[PDB]
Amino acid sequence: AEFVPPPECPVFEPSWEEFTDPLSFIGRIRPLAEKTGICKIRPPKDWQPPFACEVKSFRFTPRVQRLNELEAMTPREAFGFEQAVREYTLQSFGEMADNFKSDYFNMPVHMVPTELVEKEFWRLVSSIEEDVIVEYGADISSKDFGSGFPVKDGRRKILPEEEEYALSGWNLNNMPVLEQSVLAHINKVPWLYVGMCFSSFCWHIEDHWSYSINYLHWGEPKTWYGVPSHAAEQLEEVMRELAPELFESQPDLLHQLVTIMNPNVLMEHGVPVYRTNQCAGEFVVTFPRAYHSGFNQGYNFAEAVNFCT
């Protein structure tokens, strides 16, 4: 009955020499990592970038996420107004997030096992008897309050010991983003995610089947699921069979806004799925056309960007 965790995706711990160039390292791990869709990369222990966002002015209105909204399609009074609108700071969002999780599980937030949050998340997504609603500070542009990484744009002070991170190839602002094309001759910044427990992102691939790289600056883990690109059509077939019929005729760009699916459903239909808990200071790389989804274990802060090889 309970959720069965998928097998773990690969985790790499590159040496300082291997960590010098990200594209070179990603190219070398590709024979394994492209067979799992996602992989996790732990930087050397001494690689600890500062957090460079404008914290005092960081303000946002997160999106409301009803975990069982797809199951609820199977109408409620005054639907469309089920939640009051609240703006947060980083501090007040974290206070709300910690209070939600500790109240939900009746224990301190860091004492909740990651396996329990995972099992509860997937139970709540399919539950009609229990309507859990959370909030996600998603798709916050790094242009609003700055990137989480230090950047030498003369908009924020950079200490001397922080300059190496402003210049690092693993700084998401220094990843290559310009795709080659003939139109580029005739004629892209990172996004931020402030998570709370159960906030989530559903199955999707990137525009132009791009790679993506994801960094968890701080907080509780982000739980990932990934499908290798050689099974992309298998996943899409399972979606065609079991996703809500009302959304069946929708293009992929719109379908991937809403369509959540339990990883066990994909696995029972022969789709390979891998998981990982991305912890603070760790990278997750998604490979071209690798479907991925996930949810946050608690209050955290992530940064993501598509990159080109």
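Rigid core: the largest C-alpha set superposing within 1.5 Å between the two forms. Quick note: we count residues from 1 along the sequence shown, nothing fancier.
Between 236-244 and 273-281, the larger root mean square Cα shift in 9 other deposited structures of this protein, once each structure is superposed on the rigid core, falls on 236-244. Taking the rigid core as the alignment reference, the C-alpha atoms of 256-264 lie farther on average from the displayed form in 9 other deposited structures of this protein than those of the other stretch among 61-69 and 256-264.
When the other compared entries with both flanking residues are checked, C202 is modelled in all of them, not unmodelled in a third.
In the record comparison, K188 is modelled in each of the other entries of this protein that model the residues flanking it, with no third of them omitting it. The stretch of deposited sequence separating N187 from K188 contains 4 to 9 residues lacking coordinates in this entry. Deposited sequence between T74 and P75: 1 to 3 residues lack coordinates. Relative to its counterpart among 191-199 and 123-131, 123-131 has the higher mean temperature factor, C-alpha atoms as listed in the PDB entry. In this entry, 56-64 shows the higher mean Cα temperature factor of the pair 56-64 and 270-278. Of the candidates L116, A138, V227, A84, the one whose C-alpha carries the top B factor in the deposited record is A84. Out of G219, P176, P108, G80, the entry records its largest CA B-factor for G80. When the CA B factors of the chain's modelled residues are split into thirds, the value for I205 lands in the lowest one. Placement of the Cα temperature factor of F145 within the chain: highest third of the modelled residues, per the deposited record.
Split the chain's modelled residues into thirds by C-alpha temperature factor. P263 is in the lowest one. Among the modelled residues of the chain, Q297 sits in the lowest third by CA temperature factor in this PDB entry. Sort the chain's modelled residues by C-alpha temperature factor and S181 lands in the highest third, per the entry.
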